[PDB]
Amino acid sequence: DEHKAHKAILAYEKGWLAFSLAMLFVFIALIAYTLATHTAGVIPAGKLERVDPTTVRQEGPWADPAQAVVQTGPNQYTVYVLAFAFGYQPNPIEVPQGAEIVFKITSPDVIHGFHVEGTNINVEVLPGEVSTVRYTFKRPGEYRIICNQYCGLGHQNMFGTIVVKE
């Protein structure tokens, strides 16, 4: 009864622990998969690309927002975005639909989020580093950028805009 309940409890727990292990492994396998598709483009580039946030608005690709959108492939655009207190430049970001967009994003002040509502783009932006992420906008129109890392008193109203042209 006490002896018996003990063996049966123990016996089934092993069952469970093996199933739980299986389930966890399958998630590992399903994450692995995502890693192999274009959906993985939103994972940041692990590479270090340092900049100087004190001069980034005066010199380099972030200095002139009207020139932030650069064709770098036959069907590819690189976009130099600045996230700053409290907004994003350019505003709006204008990209063609169906094209692959390499966002290269930095900050002159503090850390900001770069979360594109409606998509999987969600990347921390740190001063002194350029965050690099990739996405193909399949539907045209207006996407809101939300800052989702506390950045000071203006955090709640820090928003940007990406326009995807037909």
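Position 1 is the first residue in the sequence shown; the rest follow in order.
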key: 157-165 versus 3-11 - greater average Cα B-factor per the deposited record   = 3-11
query = Would 53-61 or 102-110 have the larger average of its C-alpha temperature factors, as given in the entry?
reply = 53-61
query = What third of the chain, by the recorded C-alpha B-factor, contains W16?
reply = highest
note = Tertile call for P127 (CA temperature factor, within chain, third-based) is the lowest
Within-chain third of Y77 by Cα B-factor, per the entry = highest
request  = Would you check the entry's CA temperature factor for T119 and let me know if it's in the chain's lowest, middle or highest third?
outcome  = lowest
note = Chain thirds by Cα B factor, record data; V133 belongs to the middle
